[PDB]
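First comes one chain, alone, set out as structure tokens in the form deposited in one PDB entry.
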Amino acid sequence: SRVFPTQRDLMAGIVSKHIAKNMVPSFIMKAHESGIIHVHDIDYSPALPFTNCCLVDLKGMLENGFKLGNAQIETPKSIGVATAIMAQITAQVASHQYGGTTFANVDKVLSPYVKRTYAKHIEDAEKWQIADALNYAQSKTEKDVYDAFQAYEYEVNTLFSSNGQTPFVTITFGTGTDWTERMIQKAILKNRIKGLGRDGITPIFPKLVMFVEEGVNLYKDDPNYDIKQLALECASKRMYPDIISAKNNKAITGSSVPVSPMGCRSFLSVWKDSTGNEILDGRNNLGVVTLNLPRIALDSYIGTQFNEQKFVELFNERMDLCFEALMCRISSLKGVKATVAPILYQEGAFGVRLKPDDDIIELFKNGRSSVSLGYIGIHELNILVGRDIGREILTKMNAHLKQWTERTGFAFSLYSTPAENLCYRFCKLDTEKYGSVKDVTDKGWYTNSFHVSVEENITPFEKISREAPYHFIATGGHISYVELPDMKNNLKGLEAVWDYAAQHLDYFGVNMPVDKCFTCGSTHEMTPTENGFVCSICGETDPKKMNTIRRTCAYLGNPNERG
């Protein structure tokens, strides 16, 4: 935060909010200022025409050529070089949009390049007359690939985005059986288990999402079932990888192939080009405006009594407000040329190649890009109205969303905002007006989207069952977590929730304690002190002598830096 690149970003942030204050209609800013809604990234958009997140079309760029910076890159002739260009792209893309960036199916996209490192090695055992032909190659290739993903793993943690930060990047895999594809998968997983750096700590990025599917990943007999096992190990030691149910995913998205989340959890919906092809990679999201659901209910109290009709009034009113807010920023996009971000619009990233002087707004119309109507705190809302209305209000929302899509041509969808930050702001702005409302603003924060309350006491299986239906309503983005104790040696139980989840819902992640004592090397849950974590079996307390990760909200982090 005192670091230079950050100071600089901050400057551009202050200037941006200032310009926003002037571009955004007074009534929308007012609502944002007071917590009715929340216009995300007001420190980037609409001051400059940034977009949000995306699925980089890596196959397109690496396949054909592309210019990156000053280099007109050619197709990689080796695996290591591809995961380099990828780490470089990760950085450039992170610097031309204010949202997460995702490389979907690296196992399948990067496969060709393993097949080249192999070719190269076979032609080498054959040049130097080596005993084992097919055996040299295997080995060398297995290594080249581990190193290649160890490079990526590190480069994502050493390369900075223009705002002076590590790229928020997501890598997905799992639907590949070819030997090269399987090789990348174990490559990614072994590296993560290994840990980042000298002390093999749990990296916070890149996120790892593995698709699990019947006949590939989840049954004792399926081909990559061994991979599932390494995956369970990995997750029990570093949280990631999260898993996505290929079955429910396809069903919910409408795509014939599993849809990877752009960033944390923004899902695209199936879309086709002029020639009728389902396009996934290269597509993106235009932004997010989150609706403070609790605040709708609170604002519609008469005295200390909830008034149902008042709710129906403000709801419809705030629904329109949100549409006006989203449409505001989308319009700011008119006139903007491709000159604004070459790797996105001119070279491969967004899946097309626009001329410099082309408008960028057309590339997003008619459903290619998605737009987010975010919500939060279904729990506190229920408490305020007196009954679970979650499944249904979210549904009254898709209804509006559908009308919007039809009137504007933009593909709007229900997004369950991660709100690592918003969970506090809204509560705080609401507390400012309503004081400490029991069970609502009292705890200090709101529960994520449709998640069960933490303070509730259910069974992992019961929790996923209570949430699963939402994975089908809030299609724009969604995820479910369940808390388990150390599972390092109980992978069967861990695999039991994964299995149950992969059946009933879509995007799933299980977060359990992942700690490491540097002095004593204890992979056991440190016990919390009124002053941090303490090593049970070595008494270690100095924070610098340990790595303590916990996914308290959306990302992982050391909970000893917050209070």
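Shifts are known only where both forms have a C-alpha. In this text, rigid core is short for the largest set of C-alphas that superpose within 1.5 Å between two forms. We number the residues from 1 along the sequence you see.
Among other deposited entries of this protein with both flanking residues present, at least a third omit coordinates for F533. For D542, the fraction of other compared entries lacking coordinates, among those that model flanking residues, reaches at least a third. Of the two segments, 121-129 and 235-243, the one listed with the higher mean B-factor is 121-129 (C-alpha atoms only). Stretches 109-117 and 216-224 differ in mean CA B factor, with 216-224 having the higher one. Of the candidates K438, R265, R318, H96, it is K438 whose Cα B-factor is highest according to the PDB record.
Across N52, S34, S45, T529, the entry's maximum B-factor at the CA atom is seen for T529. Sort the chain's modelled residues by C-alpha temperature factor and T304 lands in the middle third, per the entry.
Ranked by Cα temperature factor within the chain, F518 sits in the highest third according to the deposited record.
Among the modelled residues of the chain, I549 sits in the highest third by CA temperature factor in this PDB entry. The deposited CA B-factor of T339 belongs to the lowest third of values across its chain. Residue-level temperature factors show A496 in the highest third of its chain, judged at the C-alpha atom.
Form deposited in another entry: not shown, discussed below.
Checking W445, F160, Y301, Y434 for C-alpha shifts of 2 Å or more between the shown form and the other one, after the rigid core is superposed, gives a single hit: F160. Shown here is a form in which the CA atoms of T166 and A82 lie at least 3 Å closer together than they do in the other form.
Closer approach of the C-alpha atoms of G287 and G164, by 3 angstroms or more, is seen in the other form than in the present form. Taking the core as reference, several blocks of three or more adjacent residues between the shown form and the other one have all their Cα positions offset by 2 Å or more: 69-71, 159-166.
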